[PDB]
$ cat coords.pdb   # PDB, C-alpha atoms
ATOM      1  CA  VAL A   1     -50.099  54.788 189.479
ATOM      2  CA  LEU A   2     -49.516  57.083 192.453
ATOM      3  CA  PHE A   3     -46.211  55.588 193.618
ATOM      4  CA  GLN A   4     -44.049  54.592 190.680
ATOM      5  CA  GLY A   5     -41.521  51.765 190.607
ATOM      6  CA  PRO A   6     -38.627  52.670 188.301
ATOM      7  CA  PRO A   7     -36.111  49.942 187.740
ATOM      8  CA  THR A   8     -32.862  49.644 189.641
ATOM      9  CA  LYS A   9     -29.429  48.175 189.050
ATOM     10  CA  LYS A  10     -26.712  47.178 191.476
ATOM     11  CA  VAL A  11     -23.145  46.066 191.043
ATOM     12  CA  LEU A  12     -21.994  43.522 193.647
ATOM     13  CA  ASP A  13     -18.760  41.821 194.628
ATOM     14  CA  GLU A  14     -18.455  38.112 195.426
ATOM     15  CA  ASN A  15     -19.759  38.606 198.933
ATOM     16  CA  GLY A  16     -22.874  40.219 197.581
ATOM     17  CA  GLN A  17     -21.929  43.771 198.661
ATOM     18  CA  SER A  18     -22.427  46.761 196.480
ATOM     19  CA  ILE A  19     -19.333  48.036 194.789
ATOM     20  CA  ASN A  20     -20.921  51.015 193.071
ATOM     21  CA  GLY A  21     -18.408  53.792 192.477
ATOM     22  CA  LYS A  22     -15.384  51.469 193.058
ATOM     23  CA  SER A  23     -12.511  50.421 190.821
ATOM     24  CA  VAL A  24     -11.948  47.168 189.091
ATOM     25  CA  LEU A  25      -9.243  45.495 187.006
ATOM     26  CA  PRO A  26      -9.041  44.572 183.280
ATOM     27  CA  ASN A  27      -9.863  40.924 183.975
ATOM     28  CA  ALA A  28     -12.919  41.760 186.199
ATOM     29  CA  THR A  29     -16.378  40.316 185.726
ATOM     30  CA  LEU A  30     -19.042  42.962 186.351
ATOM     31  CA  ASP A  31     -21.850  41.201 188.253
ATOM     32  CA  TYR A  32     -24.987  43.215 188.040
ATOM     33  CA  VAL A  33     -28.369  42.765 189.572
ATOM     34  CA  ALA A  34     -31.143  44.568 187.884
ATOM     35  CA  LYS A  35     -34.728  44.882 188.871
ATOM     36  CA  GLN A  36     -37.810  45.337 186.761
ATOM     37  CA  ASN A  37     -40.440  46.549 189.242
ATOM     38  CA  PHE A  38     -44.068  45.484 189.013
ATOM     39  CA  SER A  39     -45.201  45.567 192.710
ATOM     40  CA  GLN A  40     -46.822  48.945 191.980
ATOM     41  CA  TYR A  41     -49.283  47.340 189.644
ATOM     42  CA  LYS A  42     -50.562  44.728 192.023
ATOM     43  CA  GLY A  43     -54.324  44.444 191.506
ATOM     44  CA  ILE A  44     -54.480  46.947 188.628
ATOM     45  CA  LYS A  45     -57.321  46.686 186.163
ATOM     46  CA  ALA A  46     -55.465  47.710 183.020
ATOM     47  CA  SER A  47     -57.238  48.071 179.701
ATOM     48  CA  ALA A  48     -56.795  45.462 176.999
ATOM     49  CA  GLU A  49     -55.178  48.233 174.927
ATOM     50  CA  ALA A  50     -52.702  49.080 177.703
ATOM     51  CA  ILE A  51     -51.796  45.426 178.289
ATOM     52  CA  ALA A  52     -51.273  44.981 174.563
ATOM     53  CA  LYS A  53     -48.377  47.517 174.611
ATOM     54  CA  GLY A  54     -46.480  44.935 176.688
ATOM     55  CA  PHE A  55     -43.526  45.011 179.004
ATOM     56  CA  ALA A  56     -39.980  45.775 177.985
ATOM     57  CA  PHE A  57     -36.781  45.879 179.988
ATOM     58  CA  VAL A  58     -33.700  47.615 178.677
ATOM     59  CA  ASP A  59     -30.113  47.289 179.783
ATOM     60  CA  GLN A  60     -27.719  49.865 178.295
ATOM     61  CA  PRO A  61     -24.030  49.362 179.044
ATOM     62  CA  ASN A  62     -21.453  51.969 177.906
ATOM     63  CA  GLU A  63     -18.656  51.209 175.438
ATOM     64  CA  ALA A  64     -16.538  49.510 178.051
ATOM     65  CA  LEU A  65     -18.496  46.391 178.365
ATOM     66  CA  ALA A  66     -17.961  43.293 176.274
ATOM     67  CA  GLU A  67     -19.774  39.930 176.260
ATOM     68  CA  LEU A  68     -22.976  39.546 178.401
ATOM     69  CA  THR A  69     -23.803  36.387 180.265
ATOM     70  CA  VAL A  70     -27.378  36.204 181.533
ATOM     71  CA  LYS A  71     -27.081  34.153 184.708
ATOM     72  CA  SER A  72     -30.820  34.167 185.536
ATOM     73  CA  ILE A  73     -34.077  36.051 185.061
ATOM     74  CA  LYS A  74     -36.432  35.334 187.987
ATOM     75  CA  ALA A  75     -39.721  36.571 189.281
ATOM     76  CA  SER A  76     -39.922  37.394 192.989
ATOM     77  CA  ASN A  77     -42.128  34.304 193.425
ATOM     78  CA  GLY A  78     -39.033  32.190 192.421
ATOM     79  CA  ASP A  79     -40.218  31.424 188.802
ATOM     80  CA  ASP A  80     -37.678  31.262 186.028
ATOM     81  CA  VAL A  81     -39.261  33.680 183.505
ATOM     82  CA  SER A  82     -36.285  33.632 180.929
ATOM     83  CA  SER A  83     -38.412  31.542 178.446
ATOM     84  CA  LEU A  84     -41.236  34.077 178.552
ATOM     85  CA  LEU A  85     -39.020  36.956 177.428
ATOM     86  CA  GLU A  86     -37.641  37.747 174.008
ATOM     87  CA  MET A  87     -33.930  38.718 174.222
ATOM     88  CA  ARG A  88     -32.812  41.367 171.696
ATOM     89  CA  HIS A  89     -29.321  42.688 171.296
ATOM     90  CA  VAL A  90     -28.896  45.654 168.920
ATOM     91  CA  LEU A  91     -26.082  47.917 167.943
ATOM     92  CA  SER A  92     -28.514  50.839 167.733
ATOM     93  CA  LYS A  93     -32.178  51.429 168.125
ATOM     94  CA  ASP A  94     -32.311  51.909 164.352
ATOM     95  CA  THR A  95     -31.995  48.089 163.894
ATOM     96  CA  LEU A  96     -35.212  47.401 165.789
ATOM     97  CA  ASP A  97     -38.402  46.940 163.909
ATOM     98  CA  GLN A  98     -40.563  49.985 163.581
ATOM     99  CA  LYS A  99     -43.062  48.746 166.137
ATOM    100  CA  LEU A 100     -40.453  48.515 168.862
ATOM    101  CA  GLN A 101     -38.759  51.773 167.874
ATOM    102  CA  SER A 102     -42.081  53.484 168.176
ATOM    103  CA  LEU A 103     -42.695  51.794 171.545
ATOM    104  CA  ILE A 104     -39.457  53.011 173.022
ATOM    105  CA  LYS A 105     -39.702  56.464 171.467
ATOM    106  CA  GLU A 106     -43.242  57.210 172.684
ATOM    107  CA  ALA A 107     -42.130  55.915 176.110
ATOM    108  CA  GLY A 108     -39.477  58.566 176.213
ATOM    109  CA  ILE A 109     -36.612  56.053 176.147
ATOM    110  CA  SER A 110     -33.731  56.927 173.805
ATOM    111  CA  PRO A 111     -30.707  54.661 174.318
ATOM    112  CA  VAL A 112     -27.523  56.156 172.996
ATOM    113  CA  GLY A 113     -25.805  53.077 171.619
ATOM    114  CA  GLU A 114     -25.760  49.306 171.663
ATOM    115  CA  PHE A 115     -28.198  47.789 174.163
ATOM    116  CA  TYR A 116     -30.096  44.697 175.247
ATOM    117  CA  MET A 117     -33.806  44.461 175.615
ATOM    118  CA  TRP A 118     -36.168  41.792 176.943
ATOM    119  CA  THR A 119     -39.809  41.906 175.955
ATOM    120  CA  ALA A 120     -42.727  39.845 177.064
ATOM    121  CA  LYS A 121     -43.530  37.330 174.307
ATOM    122  CA  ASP A 122     -47.147  37.042 175.390
ATOM    123  CA  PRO A 123     -48.102  40.364 177.074
ATOM    124  CA  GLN A 124     -51.494  39.088 178.233
ATOM    125  CA  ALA A 125     -50.122  35.950 179.925
ATOM    126  CA  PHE A 126     -47.189  37.811 181.380
ATOM    127  CA  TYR A 127     -49.497  40.512 182.692
ATOM    128  CA  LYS A 128     -51.740  37.890 184.307
ATOM    129  CA  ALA A 129     -49.000  35.830 185.801
ATOM    130  CA  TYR A 130     -46.529  38.454 186.983
ATOM    131  CA  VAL A 131     -47.376  42.158 186.404
ATOM    132  CA  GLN A 132     -50.933  42.082 187.787
ATOM    133  CA  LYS A 133     -49.661  40.073 190.727
ATOM    134  CA  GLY A 134     -47.041  42.617 191.492
ATOM    135  CA  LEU A 135     -44.102  40.219 190.999
ATOM    136  CA  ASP A 136     -40.857  42.081 190.330
ATOM    137  CA  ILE A 137     -38.329  40.448 187.908
ATOM    138  CA  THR A 138     -34.619  40.246 188.746
ATOM    139  CA  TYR A 139     -32.003  40.040 186.002
ATOM    140  CA  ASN A 140     -28.641  38.664 187.045
ATOM    141  CA  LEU A 141     -26.327  39.947 184.373
ATOM    142  CA  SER A 142     -22.583  39.605 184.057
ATOM    143  CA  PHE A 143     -20.169  41.366 181.642
ATOM    144  CA  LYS A 144     -16.523  41.226 180.838
ATOM    145  CA  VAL A 145     -14.666  44.442 180.093
ATOM    146  CA  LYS A 146     -13.396  45.084 176.571
ATOM    147  CA  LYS A 147      -9.632  44.551 176.209
ATOM    148  CA  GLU A 148      -9.341  47.962 174.469
ATOM    149  CA  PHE A 149     -10.974  49.835 177.352
ATOM    150  CA  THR A 150      -7.941  50.587 179.534
ATOM    151  CA  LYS A 151      -9.195  53.553 181.617
ATOM    152  CA  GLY A 152     -12.266  55.572 182.415
ATOM    153  CA  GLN A 153     -15.624  54.678 183.807
ATOM    154  CA  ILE A 154     -17.608  51.571 183.223
ATOM    155  CA  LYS A 155     -21.265  52.340 183.226
ATOM    156  CA  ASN A 156     -24.490  50.342 183.061
ATOM    157  CA  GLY A 157     -28.054  51.607 183.137
ATOM    158  CA  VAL A 158     -31.589  50.238 182.967
ATOM    159  CA  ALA A 159     -35.033  51.356 181.841
ATOM    160  CA  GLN A 160     -38.464  49.756 181.738
ATOM    161  CA  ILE A 161     -41.498  50.250 179.646
ATOM    162  CA  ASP A 162     -44.751  49.200 181.205
ATOM    163  CA  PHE A 163     -47.925  49.429 179.085
ATOM    164  CA  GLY A 164     -46.049  51.909 176.837
ATOM    165  CA  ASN A 165     -44.896  54.129 179.699
ATOM    166  CA  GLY A 166     -41.157  54.547 180.196
ATOM    167  CA  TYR A 167     -39.210  54.649 183.470
ATOM    168  CA  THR A 168     -35.445  55.079 183.713
ATOM    169  CA  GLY A 169     -33.369  53.704 186.496
ATOM    170  CA  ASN A 170     -30.064  54.469 188.039
ATOM    171  CA  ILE A 171     -26.670  54.164 186.340
ATOM    172  CA  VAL A 172     -24.015  52.141 188.118
ATOM    173  CA  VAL A 173     -20.403  53.157 187.649
ATOM    174  CA  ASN A 174     -16.946  51.592 188.166
ATOM    175  CA  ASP A 175     -13.512  52.900 187.203
ATOM    176  CA  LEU A 176     -11.258  50.577 185.208
ATOM    177  CA  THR A 177      -7.637  50.715 186.495
ATOM    178  CA  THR A 178      -5.017  49.154 184.319
ATOM    179  CA  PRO A 179      -1.927  48.243 186.366
ATOM    180  CA  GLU A 180       1.406  49.745 185.382
ATOM    181  CA  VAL A 181       4.981  48.928 186.613
ATOM    182  CA  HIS A 182       8.452  50.278 185.934
ATOM    183  CA  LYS A 183      12.045  49.066 186.112
ATOM    184  CA  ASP A 184      15.218  51.011 186.678
ATOM    185  CA  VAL A 185      18.865  50.002 187.183
ATOM    186  CA  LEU A 186      20.678  51.937 189.870
ATOM    187  CA  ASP A 187      24.155  52.028 191.362
ATOM    188  CA  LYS A 188      22.353  51.221 194.628
ATOM    189  CA  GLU A 189      19.007  51.638 196.348
ATOM    190  CA  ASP A 190      18.333  55.381 196.766
ATOM    191  CA  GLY A 191      21.235  56.154 194.381
ATOM    192  CA  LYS A 192      21.189  57.228 190.729
ATOM    193  CA  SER A 193      19.931  55.589 187.540
ATOM    194  CA  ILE A 194      22.748  53.998 185.511
ATOM    195  CA  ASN A 195      20.554  52.843 182.684
ATOM    196  CA  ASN A 196      22.572  52.653 179.431
ATOM    197  CA  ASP A 197      25.859  53.196 181.323
ATOM    198  CA  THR A 198      29.062  51.228 181.647
ATOM    199  CA  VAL A 199      29.317  48.993 184.697
ATOM    200  CA  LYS A 200      32.734  47.843 185.853
ATOM    201  CA  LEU A 201      33.185  44.073 186.027
ATOM    202  CA  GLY A 202      32.659  42.993 189.658
ATOM    203  CA  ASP A 203      30.566  46.034 190.641
ATOM    204  CA  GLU A 204      27.173  45.506 192.183
ATOM    205  CA  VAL A 205      24.109  47.098 190.607
ATOM    206  CA  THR A 206      20.567  47.198 191.906
ATOM    207  CA  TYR A 207      17.424  46.621 189.854
ATOM    208  CA  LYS A 208      14.477  48.610 191.110
ATOM    209  CA  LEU A 209      11.026  47.122 190.321
ATOM    210  CA  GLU A 210       8.402  49.790 191.006
ATOM    211  CA  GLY A 211       5.200  47.930 191.818
ATOM    212  CA  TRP A 212       1.769  49.260 190.979
ATOM    213  CA  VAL A 213      -0.117  51.056 193.669
ATOM    214  CA  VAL A 214      -3.434  49.240 194.183
ATOM    215  CA  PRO A 215      -5.730  52.197 194.900
ATOM    216  CA  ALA A 216      -8.082  52.782 197.814
ATOM    217  CA  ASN A 217     -11.808  52.644 196.868
ATOM    218  CA  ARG A 218     -11.421  49.384 194.918
ATOM    219  CA  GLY A 219     -14.195  46.795 194.582
ATOM    220  CA  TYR A 220     -12.125  43.665 195.185
ATOM    221  CA  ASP A 221      -9.632  42.153 197.567
ATOM    222  CA  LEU A 222      -6.062  41.376 196.725
ATOM    223  CA  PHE A 223      -4.937  37.831 196.335
ATOM    224  CA  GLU A 224      -1.871  38.077 194.054
ATOM    225  CA  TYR A 225       0.806  40.756 193.976
ATOM    226  CA  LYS A 226       4.074  39.527 192.571
ATOM    227  CA  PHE A 227       7.120  40.254 190.486
ATOM    228  CA  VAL A 228       8.814  37.786 188.133
ATOM    229  CA  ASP A 229      12.250  39.026 186.861
ATOM    230  CA  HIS A 230      14.272  37.009 184.339
ATOM    231  CA  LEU A 231      17.820  37.950 185.181
ATOM    232  CA  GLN A 232      20.552  37.635 182.632
ATOM    233  CA  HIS A 233      22.237  35.174 184.979
ATOM    234  CA  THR A 234      25.217  34.589 182.559
ATOM    235  CA  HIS A 235      26.257  38.119 183.464
ATOM    236  CA  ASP A 236      24.449  39.021 186.712
ATOM    237  CA  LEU A 237      25.059  37.033 189.912
ATOM    238  CA  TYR A 238      21.971  37.370 192.141
ATOM    239  CA  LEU A 239      22.926  38.411 195.643
ATOM    240  CA  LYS A 240      19.806  39.488 197.526
ATOM    241  CA  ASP A 241      16.574  41.441 197.487
ATOM    242  CA  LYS A 242      14.742  43.993 199.493
ATOM    243  CA  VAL A 243      10.979  44.778 199.412
ATOM    244  CA  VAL A 244       9.467  47.927 200.878
ATOM    245  CA  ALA A 245       6.047  49.550 201.254
ATOM    246  CA  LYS A 246       5.583  52.365 198.832
ATOM    247  CA  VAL A 247       2.556  53.732 200.604
ATOM    248  CA  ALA A 248       1.157  53.600 204.072
ATOM    249  CA  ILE A 249      -0.951  50.450 204.282
ATOM    250  CA  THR A 250      -3.986  50.046 206.553
ATOM    251  CA  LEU A 251      -5.233  46.573 207.360
ATOM    252  CA  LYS A 252      -8.834  45.564 208.066
ATOM    253  CA  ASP A 253      -8.336  45.629 211.894
ATOM    254  CA  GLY A 254      -7.096  49.279 211.527
ATOM    255  CA  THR A 255      -3.329  48.512 211.875
ATOM    256  CA  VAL A 256      -1.084  50.910 209.890
ATOM    257  CA  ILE A 257       2.099  49.738 208.149
ATOM    258  CA  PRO A 258       4.082  52.972 207.421
ATOM    259  CA  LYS A 259       5.503  53.830 204.059
ATOM    260  CA  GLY A 260       9.119  52.484 203.888
ATOM    261  CA  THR A 261       8.486  49.443 206.084
ATOM    262  CA  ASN A 262      10.443  46.375 205.080
ATOM    263  CA  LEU A 263       7.755  43.840 203.967
ATOM    264  CA  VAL A 264       9.894  40.717 203.635
ATOM    265  CA  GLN A 265       7.899  38.857 206.312
ATOM    266  CA  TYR A 266       4.796  38.969 204.034
ATOM    267  CA  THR A 267       6.617  37.590 200.990
ATOM    268  CA  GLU A 268       8.397  34.628 199.533
ATOM    269  CA  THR A 269      11.342  34.992 197.167
ATOM    270  CA  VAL A 270      12.527  32.181 194.972
ATOM    271  CA  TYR A 271      15.480  32.251 192.674
ATOM    272  CA  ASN A 272      16.498  29.677 190.118
ATOM    273  CA  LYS A 273      20.239  30.137 189.535
ATOM    274  CA  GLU A 274      20.085  27.688 186.552
ATOM    275  CA  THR A 275      17.397  29.704 184.639
ATOM    276  CA  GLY A 276      17.759  33.299 186.019
ATOM    277  CA  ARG A 277      14.119  33.220 187.154
ATOM    278  CA  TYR A 278      13.532  35.371 190.220
ATOM    279  CA  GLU A 279      10.058  35.757 191.827
ATOM    280  CA  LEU A 280       8.981  37.761 194.747
ATOM    281  CA  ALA A 281       5.360  37.086 195.786
ATOM    282  CA  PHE A 282       3.186  38.464 198.462
ATOM    283  CA  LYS A 283       1.412  35.936 200.589
ATOM    284  CA  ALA A 284      -2.294  35.667 200.012
ATOM    285  CA  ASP A 285      -3.193  35.622 203.779
ATOM    286  CA  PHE A 286      -1.441  39.000 204.142
ATOM    287  CA  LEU A 287      -2.970  40.546 201.009
ATOM    288  CA  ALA A 288      -6.401  39.410 202.301
ATOM    289  CA  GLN A 289      -5.898  41.673 205.351
ATOM    290  CA  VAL A 290      -5.431  44.880 203.407
ATOM    291  CA  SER A 291      -8.441  47.180 203.733
ATOM    292  CA  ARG A 292     -10.283  48.063 200.499
ATOM    293  CA  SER A 293     -10.090  51.615 201.708
ATOM    294  CA  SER A 294      -6.275  51.420 201.690
ATOM    295  CA  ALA A 295      -3.813  51.873 198.880
ATOM    296  CA  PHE A 296      -1.164  49.182 198.710
ATOM    297  CA  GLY A 297       2.013  48.762 196.929
ATOM    298  CA  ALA A 298       5.681  47.854 197.144
ATOM    299  CA  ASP A 299       8.995  48.404 195.469
ATOM    300  CA  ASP A 300      11.475  45.504 195.152
ATOM    301  CA  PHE A 301      15.230  46.066 194.904
ATOM    302  CA  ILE A 302      17.267  43.199 193.432
ATOM    303  CA  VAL A 303      20.994  43.467 193.953
ATOM    304  CA  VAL A 304      23.302  41.604 191.663
ATOM    305  CA  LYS A 305      27.023  41.528 190.901
ATOM    306  CA  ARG A 306      28.362  41.944 187.364
ATOM    307  CA  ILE A 307      30.454  38.896 186.679
ATOM    308  CA  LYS A 308      30.820  38.894 182.892
ATOM    309  CA  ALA A 309      31.523  41.395 180.159
ATOM    310  CA  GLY A 310      28.928  42.378 177.578
ATOM    311  CA  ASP A 311      25.471  43.916 177.211
ATOM    312  CA  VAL A 312      23.314  43.120 180.134
ATOM    313  CA  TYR A 313      19.513  43.510 179.896
ATOM    314  CA  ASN A 314      16.786  43.253 182.525
ATOM    315  CA  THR A 315      12.950  43.108 182.302
ATOM    316  CA  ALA A 316      10.267  42.113 184.787
ATOM    317  CA  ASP A 317       6.659  40.922 184.701
ATOM    318  CA  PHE A 318       4.180  41.967 187.398
ATOM    319  CA  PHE A 319       0.979  40.146 188.360
ATOM    320  CA  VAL A 320      -1.898  41.564 190.375
ATOM    321  CA  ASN A 321      -5.031  39.365 190.759
ATOM    322  CA  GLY A 322      -4.128  37.554 187.584
ATOM    323  CA  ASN A 323      -3.473  40.657 185.514
ATOM    324  CA  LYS A 324       0.039  40.577 183.926
ATOM    325  CA  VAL A 325       1.984  43.651 182.850
ATOM    326  CA  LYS A 326       5.695  44.245 182.013
ATOM    327  CA  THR A 327       8.283  46.819 182.920
ATOM    328  CA  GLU A 328      10.623  48.588 180.623
ATOM    329  CA  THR A 329      13.809  46.786 179.473
ATOM    330  CA  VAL A 330      16.913  48.359 180.951
ATOM    331  CA  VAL A 331      20.564  47.732 179.953
ATOM    332  CA  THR A 332      24.118  48.232 181.229
ATOM    333  CA  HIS A 333      27.337  47.503 179.384
ATOM    334  CA  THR A 334      30.555  46.061 180.760
TER     335      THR A 334
END
$ encode --input "coords.pdb" --output "structure tokens"
Amino acid sequence: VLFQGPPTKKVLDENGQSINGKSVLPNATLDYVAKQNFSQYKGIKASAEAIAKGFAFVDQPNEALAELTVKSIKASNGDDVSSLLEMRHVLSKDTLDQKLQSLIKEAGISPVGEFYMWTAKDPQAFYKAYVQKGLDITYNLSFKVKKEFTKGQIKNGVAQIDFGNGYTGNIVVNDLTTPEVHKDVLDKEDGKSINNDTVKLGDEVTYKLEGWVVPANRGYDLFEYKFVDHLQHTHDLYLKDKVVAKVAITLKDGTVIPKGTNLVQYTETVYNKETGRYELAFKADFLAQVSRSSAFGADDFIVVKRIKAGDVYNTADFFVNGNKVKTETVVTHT
């Protein structure tokens, strides 16, 4: 063939836009669209011996990816061709039978690790119905990320073997960003840490919850950004909070919210004085307006008054798009 048709793969967000090279979160589903190209063979008169080598499609994820869901495998004519393909899932090429190891090896395809492969069950019928007609096959594939993969690049590649000839496609890539948050206890906002120190009965102290900075160049929009702090309300009387932008935030219309801006208008605070449960949550309609090309984050300052003697602990949980993480535990003594 004069003009070859190597396979391709894309990674798409929920709107169908490519998010190649962008970051995602631990709870992300990677939604890939892979193409096995046959349009180059339209009208070919392949030998019976060539056709007999069949048609294989390989997807090779890196170590980051966990369970695969095959959403669909469709020819460009709209046919569901999933029943015509044998699905194999191997931890190494060494577990394939010798026939298929020889096929991939002589095709020049040498997958490094664990991969998935789909082969035509009846190469002659598949050739007649799809390859010879030039009908490309689209694999809609979705993966979760392994819980143990907490940073680095997620990668997924494809290859195809047509009549025993191998073609390798592109490798899509996404960085996995695990959120992280911190807690400190201060004499006041912009003051000094007093963690592990003595606090005089009746003094105010301020908890600082350092939110995670959602990075620019992410492949998703924000819908949840919130802190839940369980105050030791037997000892700490909640007085008030303060939430501020920790980075300069650009919205989708181009508006800039400077670092240090008070963000209260975009949040809701609720405090249960019976339980000690404080929550500060960003509103979803606001979060929706942050540009994907903008970082975003906030710090929250909770001021309380010490109204009982003893050891007083604080910890907070942080949620971003359903991903929960915890701060340190801090303590003061009175």
$ residues_near_point --input "coords.pdb" --point "(-9.0, 39.3, 189.2)" --cutoff "10 Å" --atoms "all atoms listed in the file" --output "mmCIF file with C-alpha atoms, in the frame of the given file"
data_model
loop_
_atom_site.group_PDB
_atom_site.id
_atom_site.type_symbol
_atom_site.label_atom_id
_atom_site.label_comp_id
_atom_site.auth_asym_id
_atom_site.auth_seq_id
_atom_site.Cartn_x
_atom_site.Cartn_y
_atom_site.Cartn_z
ATOM 1 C CA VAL A 24 -11.948 47.168 189.091
ATOM 2 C CA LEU A 25 -9.243 45.495 187.006
ATOM 3 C CA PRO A 26 -9.041 44.572 183.280
ATOM 4 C CA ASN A 27 -9.863 40.924 183.975
ATOM 5 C CA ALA A 28 -12.919 41.760 186.199
ATOM 6 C CA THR A 29 -16.378 40.316 185.726
ATOM 7 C CA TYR A 220 -12.125 43.665 195.185
ATOM 8 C CA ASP A 221 -9.632 42.153 197.567
ATOM 9 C CA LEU A 222 -6.062 41.376 196.725
ATOM 10 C CA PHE A 223 -4.937 37.831 196.335
ATOM 11 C CA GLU A 224 -1.871 38.077 194.054
ATOM 12 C CA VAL A 320 -1.898 41.564 190.375
ATOM 13 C CA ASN A 321 -5.031 39.365 190.759
ATOM 14 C CA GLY A 322 -4.128 37.554 187.584
ATOM 15 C CA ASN A 323 -3.473 40.657 185.514
#
$ closest_residue --input "coords.pdb" --among "A:44, A:166, A:65, A:106" --to "residue A:132" --atoms "all atoms listed in the file"
A:44
$ residues_around --input "coords.pdb" --residues "stretch 209-211 of chain A" --least-positions-apart "4" --cutoff "6 Å" --atoms "all atoms listed in the file" --output "ChimeraX atom specification"
/A:181-183,298-300
$ write_last_selection --input "coords.pdb" --atoms "C-alpha atoms" --output "PDB file, in the coordinates of the input"
ATOM      1  CA  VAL A 181       4.981  48.928 186.613  1.00  0.00           C
ATOM      2  CA  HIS A 182       8.452  50.278 185.934  1.00  0.00           C
ATOM      3  CA  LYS A 183      12.045  49.066 186.112  1.00  0.00           C
ATOM      4  CA  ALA A 298       5.681  47.854 197.144  1.00  0.00           C
ATOM      5  CA  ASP A 299       8.995  48.404 195.469  1.00  0.00           C
ATOM      6  CA  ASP A 300      11.475  45.504 195.152  1.00  0.00           C
TER       7      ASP A 300
END
$ atom_distance --input "coords.pdb" --atom1 "atom CA of residue A:38" --atom2 "atom CA of residue A:10"
17.6 Å
$ closest_residue --input "coords.pdb" --among "A:303, A:30, A:205, A:66" --to "residue A:242" --atoms "only C-alpha atoms"
A:303
$ residues_near_point --input "coords.pdb" --point "(-52.0, 41.4, 191.3)" --cutoff "12 Å" --atoms "all atoms listed in the file" --output "ChimeraX atom specification"
/A:38-46,126-136
$ closest_atom_pairs --input "coords.pdb" --of "stretch 173-209 of chain A" --to "stretch 153-160 of chain A" --cutoff "7 Å" --atoms "only C-alpha atoms" --output "Markdown table"
| residue | atom | partner | partner_atom | distance |
| --- | --- | --- | --- | --- |
| A:173 | CA | A:155 | CA | 4.6 |
| A:174 | CA | A:154 | CA | 5.0 |
| A:175 | CA | A:153 | CA | 4.4 |
| A:176 | CA | A:153 | CA | 6.2 |
$ axis_aligned_box --input "coords.pdb" --around "stretch 156-169 of chain A" --padding-each-side "3 Å" --output "lines of an AutoDock Vina configuration file"
center_x = -36.2
center_y = 52.1
center_z = 181.7
size_x = 29.4
size_y = 11.9
size_z = 15.7
$ resolve_selection --input "coords.pdb" --expression "the PyMOL selection byres ((chain A and resi 143) around 10)" --output "mmCIF file with C-alpha atoms, in the frame of the given file"
data_model
loop_
_atom_site.group_PDB
_atom_site.id
_atom_site.type_symbol
_atom_site.label_atom_id
_atom_site.label_comp_id
_atom_site.auth_asym_id
_atom_site.auth_seq_id
_atom_site.Cartn_x
_atom_site.Cartn_y
_atom_site.Cartn_z
ATOM 1 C CA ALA A 28 -12.919 41.760 186.199
ATOM 2 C CA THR A 29 -16.378 40.316 185.726
ATOM 3 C CA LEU A 30 -19.042 42.962 186.351
ATOM 4 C CA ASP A 31 -21.850 41.201 188.253
ATOM 5 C CA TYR A 32 -24.987 43.215 188.040
ATOM 6 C CA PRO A 61 -24.030 49.362 179.044
ATOM 7 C CA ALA A 64 -16.538 49.510 178.051
ATOM 8 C CA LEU A 65 -18.496 46.391 178.365
ATOM 9 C CA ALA A 66 -17.961 43.293 176.274
ATOM 10 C CA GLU A 67 -19.774 39.930 176.260
ATOM 11 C CA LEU A 68 -22.976 39.546 178.401
ATOM 12 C CA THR A 69 -23.803 36.387 180.265
ATOM 13 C CA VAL A 70 -27.378 36.204 181.533
ATOM 14 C CA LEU A 141 -26.327 39.947 184.373
ATOM 15 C CA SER A 142 -22.583 39.605 184.057
ATOM 16 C CA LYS A 144 -16.523 41.226 180.838
ATOM 17 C CA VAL A 145 -14.666 44.442 180.093
ATOM 18 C CA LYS A 146 -13.396 45.084 176.571
#
